[PDB]
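These notes are about the structure you will find just below.
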Amino acid sequence: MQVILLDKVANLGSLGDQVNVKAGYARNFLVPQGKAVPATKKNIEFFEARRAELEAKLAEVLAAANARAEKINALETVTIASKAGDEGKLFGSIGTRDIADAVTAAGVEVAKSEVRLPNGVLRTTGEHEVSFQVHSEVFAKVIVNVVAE
Amino acid sequence: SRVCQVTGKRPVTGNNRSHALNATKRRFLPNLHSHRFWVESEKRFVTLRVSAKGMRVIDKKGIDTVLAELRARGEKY
RNA sequence: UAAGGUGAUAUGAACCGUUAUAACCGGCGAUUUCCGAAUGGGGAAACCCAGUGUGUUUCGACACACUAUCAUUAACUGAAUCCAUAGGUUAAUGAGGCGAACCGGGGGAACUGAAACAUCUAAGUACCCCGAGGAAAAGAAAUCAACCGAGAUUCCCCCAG
RNA sequence: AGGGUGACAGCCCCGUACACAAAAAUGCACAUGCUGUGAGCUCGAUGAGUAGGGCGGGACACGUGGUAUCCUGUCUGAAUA
RNA sequence: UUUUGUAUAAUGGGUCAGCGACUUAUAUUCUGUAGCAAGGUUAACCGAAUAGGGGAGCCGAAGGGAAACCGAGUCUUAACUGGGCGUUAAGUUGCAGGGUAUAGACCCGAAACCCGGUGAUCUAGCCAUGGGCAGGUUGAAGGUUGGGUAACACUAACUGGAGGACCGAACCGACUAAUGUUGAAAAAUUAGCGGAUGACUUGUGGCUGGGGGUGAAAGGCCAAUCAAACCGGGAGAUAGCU
RNA sequence: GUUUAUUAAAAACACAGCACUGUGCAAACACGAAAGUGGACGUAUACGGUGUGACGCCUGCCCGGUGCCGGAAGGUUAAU
RNA sequence: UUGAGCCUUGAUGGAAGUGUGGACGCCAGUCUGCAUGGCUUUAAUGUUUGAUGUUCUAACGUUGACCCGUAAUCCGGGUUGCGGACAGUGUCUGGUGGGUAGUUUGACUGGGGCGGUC
RNA sequence: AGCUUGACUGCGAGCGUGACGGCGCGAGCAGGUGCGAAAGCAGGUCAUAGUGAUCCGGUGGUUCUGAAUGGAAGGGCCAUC
Ligand SMILES: [Mg+2]
Ligand SMILES: [Mg+2]
Ligand SMILES: [Mg+2]
Ligand SMILES: [Mg+2]
Ligand SMILES: [Mg+2]
Ligand SMILES: [Mg+2]
Ligand SMILES: [Mg+2]
Ligand SMILES: [Mg+2]
Ligand SMILES: [Mg+2]
Ligand SMILES: [Mg+2]
Ligand SMILES: [Mg+2]
Ligand SMILES: [Mg+2]
Ligand SMILES: [Mg+2]
Ligand SMILES: [Mg+2]
Ligand SMILES: [Mg+2]
Ligand SMILES: [Mg+2]
Ligand SMILES: [Mg+2]
Ligand SMILES: [Mg+2]
Ligand SMILES: [Mg+2]
Ligand SMILES: [Mg+2]
Ligand SMILES: [Mg+2]
Ligand SMILES: [Mg+2]
Ligand SMILES: [Mg+2]
Ligand SMILES: [Mg+2]
Ligand SMILES: [Mg+2]
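Chains as they are written, first to last, in the authors' numbering: chain BH, 1 to 149; chain BX, 1 to 77.
This is how it looks when you write it as structure tokens:
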């Protein structure tokens with residue numbers, strides 16, 4: 001009585017791992033009450049065709065837009081800027097919709113503040129290349145041109 | 001009828017044989033148990049009078065298949 | 001088929017026949033009370049008592065048919081529990097009991113033999129029990145052989161007391 | 001051949017050898033029709049709580065023996081040309 | 001007939017007639033007999049059917065040794081001066097007979113063991129439902145009233161109607177004797193006898209079944225029988241006995 | 001009161017009474033391979049087993065043997 | 001909780017001063033950690049493997065109560081309560097076991113038994 | 001009393017005594033041994049009791065056997081329990 005698992009399950013559980021439990025626990029509780037299944041060999045592939053068509057399939061299906069920054073490897077046209085101030089230095093900040101303004105016509109248009117650098121955002125030269133939230137892994141690269149008027 | 005619904009197992013006859021080697025007619029008879037099985041395929045407890053082994057069989061072949069027999073054999077369940 | 005006939009003890013009576021419906025023989029039909037598996041219920045076999053449908057210039061009542069159980073199927077119904085199962089009625093099919101031996105299986109003695117007796121024997125006999133056929137069962141190698149080969153099963157003669 | 005006929009019958013009677021016969025119902029053969037039914041080729045697949053094993057019994061001419069082979073009540077349990 | 005021995009007062013037989021016990025099958029050996037003879041003979045089956053075919057096989061012509069093996073020899077033992085068993089006599093297949101073996105094995109006969117049935121119409125116990133006990137005695141408790149006590153106690157009449165209570169027919173039993181004992185009767189008759197409102201008695205129907213029932217217990221009773229019923233089967237049990 | 005129906009009716013059996021011993025109820029015990037059932041529609045003032053056998057006065061010693069009851073050390077000890 | 005193995009972080013194989021429990025410590029040491037201050041002898045966990053104990057519930061028991069099939073003291077399904085991996089049963093196994101069963105329980109013998117003998 | 005292991009191994013003409021199973025006596029042969037200068041004597045004890053068939057099984061030896069073949073198990077043979 002080996003059986004493979006469905007839900008978690010205390011001292012063995014793991015949503016699909018290969019256990020070997022006492023027959024009773026199974027034909028008396030685990031199965032007929034949905035939680036496991038006889039390891040009927042028919043099954044050890046039926047529930048291994050997933051461990052491959054998933055943990056090696058849908059974990060690769062993620063990789064189709066590398067870095068997401070594809071042909072944007074040469075920065076983007078500077079429509080406007082991101083502001084300035086302090087007669088030479090910097091003074092103004094980025095409203096909850098003001099890092100786009102410059103790169104405001106490139107990719108798809110949005111407007112949200114998934115802030116990444118919890119600092120007072122350094123006030124100097126201008127053009128900088130950090131990262132921003134493009135996804136739970138990758139990054140992106142562009143610059144920032146000010147406006148003289 | 002001490003008879004295992006899934007394996008056919010009924011009682012058999014034999015001798016006892018002492019040290020003296022004395023034959024005495026006797027019976028071996030199955031370890032039966034009549035257990036309440038869950039089906040899910042039928043949302044119900046079909047409750048067969050099985051012999052362990054009979055049990056071990058269900059535990060392998062599966063109940064829908066064991067109940068598949070019987071149905072196909074005549075038996076009630 | 002026919003010139004004789006109506007079985008016997010068993011005559012007699014009243015009759016039927018003789019060239020084709022006397023009788024006799026044979027094929028196929030009809031009729032086939034009651035009891036008996038017996039099956040509408042019951043029951044001390046050959047008896048008692050029903051329900052439902054019918055049916056009568058006298059449509060009271062009394063005659064006629066159908067109503068057992070079980071199994072497979074089907075239709076219609078339908079709980080605890082709302083679906084669903086269970087249950088319920090109805091219908092069509094089938095079974096049921098009897099009977100020689102042979103046959104397959106389930107179970108299985110003892111006297112007796114061993115010059116007592118217990119392993120052993122009698123014996124897988126007698127006997128009970130279930131099932132089937134004209135036969136049954138068995139059967140086309142995970143069989144033998146022996147370094148050559150054979151080629152299912154069944155039965156007979158040998159091998160061999 | 002056999003039987004009967006007032007005693008022992010080839011030739012008295014019934015028979016016998018032989019040669020023939022059925023409107024009907026059936027048996028078995030074939031030749032056909034009906035309902036089925038599947039045929040042939042290629043490419044596959046090739047019988048697991050099974051084989052084996054411990055325990056207890058039973059079958060094998062074999063009485064557990066040094067005892068292979070088979071069946072299985074109980075507990076277990078493979079390989080896959 | 002049995003016996004050391006039977007006229008024996010030991011068995012058996014009333015008498016006649018009919019019946020009534022050493023068989024059959026297959027092996028196996030020996031004798032007789034017949035064929036063929038270092039050979040003899042076929043089985044099943046085939047069949048042109050008592051022929052013929054079939055020589056599968058059996059016995060014999062070669063023994064010794066546990067055997068490997070050797071071989072008119074061989075085994076024994078290192079080997080035997082030797083020793084044991086063998087070489088020197090024909091077989092085989094029918095037929096009849098004499099024995100044996102396996103079968104009921106010359107015929108009849110147990111008490112019994114085992115299997116499967118039939119019996120609680122007799123009887124034991126129990127269940128249901130019904131019936132019966134003439135007549136005559138004794139006179140418990142309780143009650144009433146008197147007398148009694150301080151009041152109870154106590155006490156007398158009467159009332160009452162208990163009891164595996166008394167006597168005694170019916171009914172149920174069965175202690176004694178005689179008769180009977182090829183009976184009137186396979187357990188009685190007669191004269192006496194115990195119980196007789198009770199653990200009583202009886203009708204109808206029911207339940208319990210054989211290593212079982214039931215038993216106020218005798219091993220009693222279970223259909224004229226019971227230390228294990230009756231019928232049928234195993235079964236021609238076995239019988240070193242008569 | 002019962003008994004050997006058919007050779008024994010008794011001093012035998014039974015008896016009320018006594019004791020011992022089992023049983024907490026799905027009781028013990030009993031029929032029964034089981035199911036079912038009696039015990040009991042009872043429940044320890046009950047139900048079974050055993051012996052004694054109204055009643056009166058009583059019922060002593062013995063636990064080695066046998067039997068039975070209890071014992072969570074050790075010795076010995078089965079399948080496995 | 002507990003016997004034993006493996007994996008590990010602490011024992012055998014960013015200095016000096018103002019400060020602490022346990023200890024075979026060669027008999028009189030030094031340590032093993034505790035604060036700070038410009039492959040083999042040792043303790044806890046993760047565990048793997050058996051033993052013991054609590055509890056759980058989900059097999060299994062219910063000769064409690066109820067609902068339905070059902071006008072039903074059977075049965076079955078369902079609900080609920082109590083119990084519970086115990087009890088019970090199958091196989092195997094040691095013990096007890098005249099309750100039952102099959103038998104044995106010699107011969108000689110101045111009858112038999114006893115004695116005696118073989 | 002001295003030296004010793006003849007309380008040897010294979011055999012055995014020929015006799016006894018038994019229904020039989022068996023038991024007994026035995027010179028002589030071969031090998032090899034002890035004692036004796038030698039002839040020679042020794043196959044237990046003056047003789048006659050001091051015992052237990054067969055089966056099963058154990059132990060040593062021994063290829064005799066050994067189920068396809070080679071081995072092995074088991075069987076035989078001799079020794080002994
Ligand atoms: Mg009728
Ligand atoms: Mg009827
Ligand atoms: Mg006997
Ligand atoms: Mg005998
Ligand atoms: Mg057939
Ligand atoms: Mg295959
Ligand atoms: Mg005399
Ligand atoms: Mg004289
Ligand atoms: Mg005389
Ligand atoms: Mg009566
Ligand atoms: Mg009286
Ligand atoms: Mg009288
Ligand atoms: Mg009187
Ligand atoms: Mg007596
Ligand atoms: Mg009688
Ligand atoms: Mg009889
Ligand atoms: Mg017989
Ligand atoms: Mg006889
Ligand atoms: Mg009296
Ligand atoms: Mg009498
Ligand atoms: Mg008398
Ligand atoms: Mg009592
Ligand atoms: Mg007494
Ligand atoms: Mg006895
Ligand atoms: Mg004698």
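C-beta: ideal position from N, C-alpha, C; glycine also.
Q.
What does the Cβ neighbour count give for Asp59(BX), buried or exposed, with the cut at 16 atoms within 10 Å?
A. Reading the second sequence from its first residue, position 59 is the one you call residue 59(BX). With 16 or more other Cβ atoms inside 10 Å of its own Cβ, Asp59(BX) counts as buried.
Q: Report the rounded CA-to-CA distance for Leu70(BX) versus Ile63(BX), giving the unit in angstroms.
A: Within the second sequence, numbered from 1, the residue matching residue 70(BX) stands at position 70. Within the second sequence, numbered from 1, the residue matching residue 63(BX) stands at position 63. A direct Cα-Cα distance of roughly 11 Å separates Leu70(BX) from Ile63(BX).
Q | Amino acids of chain BH, ordered along the chain, whose beta-carbon sits closer than 8 Å to that of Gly62(BX) | A | Residue numbering aside, residue 62(BX) sits at position 62 when the second sequence is read from its first letter. Within chain BH, the residues whose beta carbon sits less than 8 Å from that of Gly62(BX) are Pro38 and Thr40, listed in sequence order.
(Q) Between which two residues does the alpha helix (DSSP H) holding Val57(BX) run? (A) Position 57 of the second sequence, counting from 1, holds the residue named residue 57(BX). Counting along the chain, the alpha helix (DSSP H) containing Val57(BX) begins and ends at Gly54 to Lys61.
**Q.** Continuous beta strand (DSSP E) stretch holding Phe46(BH): start and end
**A.** Counting from one through the first sequence, the residue named residue 46(BH) turns up at place 46. Where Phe46(BH) is concerned, there is no enclosing beta strand (DSSP E), although the alpha helix (DSSP H) around it starts and stops at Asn43 to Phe46.
Q. If you run the structure through DSSP and keep just helix, strand and coil, what is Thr96(BH)?
A. As a first step, residue 96(BH) is located in the first sequence; it is residue number 96 there, counting from the start. Coil at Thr96(BH), not helix or strand.
Q. Where does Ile4(BH) land, buried or exposed, given buried means 16+ other C-beta within 10 angstroms?
A. Here residue 4(BH) refers to the residue found at position 4 when the first sequence is read from its first residue. Buried, since its Cβ has 16 or more Cβ neighbours within 10 Å.
Q. Which residue from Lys76(BX), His19(BX) and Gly54(BX) puts its Cα closest to that of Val6(BX)?
A. Indexing the second sequence from 1 puts residue 6(BX) at position 6. Of all alpha-carbon atoms in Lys76(BX), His19(BX) and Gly54(BX), the one lying nearest the alpha-carbon of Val6(BX) is that of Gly54(BX).
(Q) Less than 8 Å between CB atoms is the rule here; does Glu40(BX) satisfy it with respect to chain BH? (A) For the purposes of this step, residue 40(BX) is taken as the residue at position 40 of the second sequence. Under the 8 Å criterion on CB atoms, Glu40(BX) is classed as interfacial with respect to chain BH.
Q. Any idea what DSSP makes of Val108(BH), helix, strand or coil?
A. The count along the first sequence starts at 1 and reaches residue 108(BH) at position 108. The DSSP-derived three-state label of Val108(BH) is coil.
Q) Using the C-alpha atoms, what's the distance from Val78(BH) back to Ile99(BH)? A) Counted from its first residue, the first sequence places residue 99(BH) at position 99. Counted from its first residue, the first sequence places residue 78(BH) at position 78. Taking the straight line from one Cα to the other gives about 12 Å.
Q) Beta carbon of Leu30(BH), beta carbon of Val21(BH): below 8 Å? A) To locate residue 30(BH), count along the first sequence from 1; it is residue 30. To locate residue 21(BH), count along the first sequence from 1; it is residue 21. Result yes, Cβ atoms of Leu30(BH) and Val21(BH) sit closer than 8 Å.
(Q) Measuring only the C-alpha atoms, how far is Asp86(BH) from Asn145(BH)? (A) Residue numbering aside, residue 86(BH) sits at position 86 when the first sequence is read from its first letter. Residue numbering aside, residue 145(BH) sits at position 145 when the first sequence is read from its first letter. A direct Cα-Cα distance of roughly 17 Å separates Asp86(BH) from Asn145(BH).
Q: Output the boundary residues of the alpha helix (DSSP H) element that contains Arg71(BX).
A: In the second sequence, counting from the first residue as 1, residue 71(BX) sits at position 71. It spans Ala68 to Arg71 - the alpha helix (DSSP H) in which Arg71(BX) sits, taken as one unbroken run.
**Q.** Nearest-angstrom Cα separation, counted from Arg73(BX) out to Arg27(BX)
**A.** Looking up residue 27(BX) in the second sequence gives position 27. Looking up residue 73(BX) in the second sequence gives position 73. Taking the straight line joining both Cα atoms gives about 27 Å.
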